[PDB]
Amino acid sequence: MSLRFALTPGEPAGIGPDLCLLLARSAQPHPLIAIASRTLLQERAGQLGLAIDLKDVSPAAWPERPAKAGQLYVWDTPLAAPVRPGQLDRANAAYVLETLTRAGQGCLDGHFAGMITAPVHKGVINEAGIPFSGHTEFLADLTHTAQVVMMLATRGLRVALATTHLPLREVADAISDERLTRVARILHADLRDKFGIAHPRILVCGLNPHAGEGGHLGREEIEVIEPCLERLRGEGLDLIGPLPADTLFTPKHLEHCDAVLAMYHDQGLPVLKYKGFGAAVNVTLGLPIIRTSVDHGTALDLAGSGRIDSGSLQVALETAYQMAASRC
């Protein structure tokens, strides 16, 4: 449809290119424009044994229909140095951010209805001397978004996180009224606007096991979480909880739920990965644009070996398509 999507293979030495090529074996419901190096993809394809019709595409006139099953659109972006699967090279660090910038600005301009990102390697970018806090932070800065919320999803289950990549010992003190308020509002606003859910029903996990057990297993629920959720409900948000995480994450309770708000990383991702057989899409909430991503790393050691699972990227693409439909 008139809805175009930018696909960023990410770190050239990683499986990003691989995955994108593998998913090029099937025709897409929409024109999927891969912003990367033609040569990169060509070689990776040859290395994988696969055969894809890397069809060049120019900003002068974007495509209109999806590439044939075995073809992949490519908005060529030059590498700085040749590539070898599984071998990082700081010389190509700028090339990575270039693809991300093209993809992000494209969405901001309206040429792209949304973007899907394959794995990037933070370490090699920092080694090139390029300021890079991370994949998500980069896009946030590009879109001038001060606050974002990380929401993981698999078919039939969405889990937003109050805290993300932090040592477990730093979690408890990070749970504040301010933090929960910011996260809840963004989660609500986006499920409504980007997923077409008028009144999102969000189940909220307690921080402590058994959600603090009436205050006998931690005080955070009584002192912080409960008062916060109470105020938010009065403001219109349908937040249910705090509920014990191991009670909430069950078919019964999830049946009438649009998303689960977990307090920290390992409290919500295991169930999601279990359910989806390791396939999960990472959605950045709070941005003016639509962006999804796979949750796994670059897997340098598996690059060009074909021994990879494209489930995550597959789910990442579908989620992006759906969001655009509901309205960006």
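Residue indices: 1-based, along the sequence shown.
Comparing 41-49 with 293-301, the higher mean C-alpha B-factor in the PDB entry belongs to 41-49.
Mean CA temperature factor is higher for 67-75 when stretches 184-192 and 67-75 are set side by side in the entry. Among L100, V83, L248, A91, the highest C-alpha B-factor in the deposited entry belongs to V83.
The PDB entry assigns the greatest CA B-factor among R169, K252, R219, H165 to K252. For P29, the recorded CA temperature factor ranks within the highest third of the chain's modelled residues. Ranked by C-alpha B-factor against the other modelled residues of its chain, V57 falls in the highest third.
Placement of the Cα temperature factor of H111 within the chain: highest third of the modelled residues, per the deposited record. Placement of the Cα temperature factor of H199 within the chain: middle third of the modelled residues, per the deposited record. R155 sits in the highest third of its chain by CA B factor, as recorded in the PDB entry.
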